[PDB]
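Heads up, the thing below is written out as structure tokens.
The first residue of the sequence shown is numbered 1, and numbering continues consecutively from there. Heavy atoms only: backbone and side chains are in, while hydrogens, waters and symmetry mates are out.
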Amino acid sequence: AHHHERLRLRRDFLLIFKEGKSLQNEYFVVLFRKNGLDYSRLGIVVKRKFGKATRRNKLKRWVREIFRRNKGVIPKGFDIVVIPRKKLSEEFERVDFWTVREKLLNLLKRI
Ligand SMILES: O=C1c2ccccc2C(=O)c2c(O)c(O)cc(O)c21
């Protein structure tokens, strides 16, 4: 079999929101639910208010990279939805990739 990491977000966002668990810090909410697979999958939901397209797309690239490159510390078998918060929006231009990575991994490790 091949390697997959993308979540069926349109299909499953409501399910994960309702039936999943959640963790949060000042920058992110993470929703997660067991997926019956031997790997975890990621969806990213960025509210329009987070910023214009370029900023939203940058956040998405960052989060995808963090998920892709740190699977050794991210529990397996979960569908995971990452939602950036207003405070991250407010501080986004003052923080770097590595700061965002620390804050996201802190949550993903606790699933
Ligand atoms: O979706 C959620 C969410 C879902 C389940 C539990 C808590 C939250 C939550 O606390 C939250 C925020 O604080 C926020 O600022 C934007 C959000 O989108 C959420």
Side-chain angles (χ1 to χ4, degrees), residues 1 3-5 7-101 103-111:
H3 299 82
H4 321 271
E5 60 172 355
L7 177 63
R8 293 290 307 283
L9 190 57
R10 179 84 176 262
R11 193 190 72 189
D12 288 355
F13 178 53
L14 176 58
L15 175 62
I16 295 166
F17 187 99
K18 281 187 64 166
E19 298 191 24
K21 292 188 166 76
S22 75
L23 291 168
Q24 64 191 60
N25 61 27
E26 67 269 28
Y27 281 174
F28 290 106
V29 178
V30 170
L31 311 182
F32 51 99
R33 187 171 180 266
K34 291 180 204 181
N35 67 6
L37 302 170
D38 64 328
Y39 58 95
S40 292
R41 301 187 297 191
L42 167 77
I44 314 160
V45 177
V46 184
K47 294 175 175 293
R48 181 177 65 83
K49 194 176 180 187
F50 183 83
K52 280 160 186 159
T54 53
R55 184 188 292 173
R56 295 194 311 262
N57 290 339
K58 184 165 78 178
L59 182 280
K60 289 175 192 180
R61 281 199 307 282
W62 287 9
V63 169
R64 284 196 301 268
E65 180 178 356
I66 295 155
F67 191 75
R68 192 169 301 157
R69 298 187 69 186
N70 298 281
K71 295 187 195 304
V73 297
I74 298 164
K76 297 188 163 72
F78 293 91
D79 282 351
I80 302 164
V81 179
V82 175
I83 308 163
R85 300 188 78 185
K86 183 176 190 305
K87 189 184 168 84
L88 180 54
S89 178
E90 296 186 304
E91 298 186 349
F92 196 60
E93 302 305 328
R94 285 174 288 175
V95 299
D96 72 349
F97 167 80
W98 297 97
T99 298
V100 170
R101 171 184 179 284
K103 287 290 170 182
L104 179 57
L105 285 180
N106 185 266
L107 292 182
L108 295 183
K109 283 170 75 181
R110 293 174 60 215
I111 284 164

Please examine the side chains of [Y] and [X], heavy atoms only from C-beta on, and report whether any two atoms are closer than 4.5 Å.
X   : Y   : value
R55 : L59 : no
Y27 : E91 : yes
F32 : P75 : no
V82 : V45 : no
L31 : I83 : yes
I66 : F97 : yes
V46 : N57 : no
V81 : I44 : no

How many angstroms lie between atom [atom1] of [X] and atom [atom2] of [Y], to the nearest 0.5 angstrom?
X    : Y   : atom1 : atom2 : result
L107 : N25 : CG    : CG    : 4.0 Å
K58  : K52 : NZ    : NZ    : 14.5 Å
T99  : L88 : OG1   : CG    : 10.5 Å
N35  : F78 : CG    : CZ    : 8.0 Å
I80  : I74 : CD1   : CD1   : 6.0 Å
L108 : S40 : CG    : OG    : 9.0 Å

Checklist entry - Can you check whether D79's main-chain N or O pairs, donor with acceptor, with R41's side chain at less than 3.5 Å? => result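 No, because the side chain of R41 does not come within donor-acceptor range (under 3.5 Å) of the backbone of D79.
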
Item to check | CA sep, side-chain torsions, deciding dist, call: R101, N70, side-chain contact (heavy atoms from CB on, under 4.5 Å) | outcome: CA-CA 10 Å; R101 171 184 179 284; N70 298 281; 2.9 Å; yes

Checklist entry - Mind checking what makes salt bridge (charged side-chain N to carboxylate O under 4.0 Å, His left out) contact with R69, not counting sequence neighbours? => result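 Result, salt bridge (charged side-chain N to carboxylate O under 4.0 Å, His left out) vs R69: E65.
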
Checklist entry - Can you name the residues that form a salt bridge (charged side-chain N to carboxylate O under 4.0 Å, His left out) with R85, not counting sequence neighbours? => result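 Residues passing salt bridge (charged side-chain N to carboxylate O under 4.0 Å, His left out) with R85: none at all.
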
Checklist entry - Closest approach of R56 and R48, non-hydrogen atoms and distance? => result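 Shortest heavy-atom contact: NH1-O, 4.0 Å.
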
When the side chains of residues 10-24 are checked against the rest of the protein, which donor-acceptor pairs come out under 3.5 Å, sequence neighbours left out?
from : atom 1 : to  : atom 2 : distance (Å)
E19  : OE1    : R33 : NH2    : 3.3

Next on the checklist: Can you confirm if the aromatic rings of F92 and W62 lie within a centre distance of less than 6.0 Å?
Outcome noted: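 Aromatic pair counts; centres sit under 6.0 Å.
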
Checklist entry - Is there a side-chain contact (heavy atoms from CB on, under 4.5 Å) between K103 and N106 once you walk through the steps? => result CA-CA 5 Å; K103 287 290 170 182; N106 185 266; 5.8 Å; no

Checklist entry - When you look at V30 and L104, which way does the side-chain contact (heavy atoms from CB on, under 4.5 Å) test go after all the steps? => result CA-CA 9 Å; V30 170; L104 179 57; 4.0 Å; yes

Item to check | Full working for salt bridge (charged side-chain N to carboxylate O under 4.0 Å, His left out) between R64 and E5 | outcome: CA-CA 9 Å; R64 284 196 301 268; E5 60 172 355; over 6 Å; no

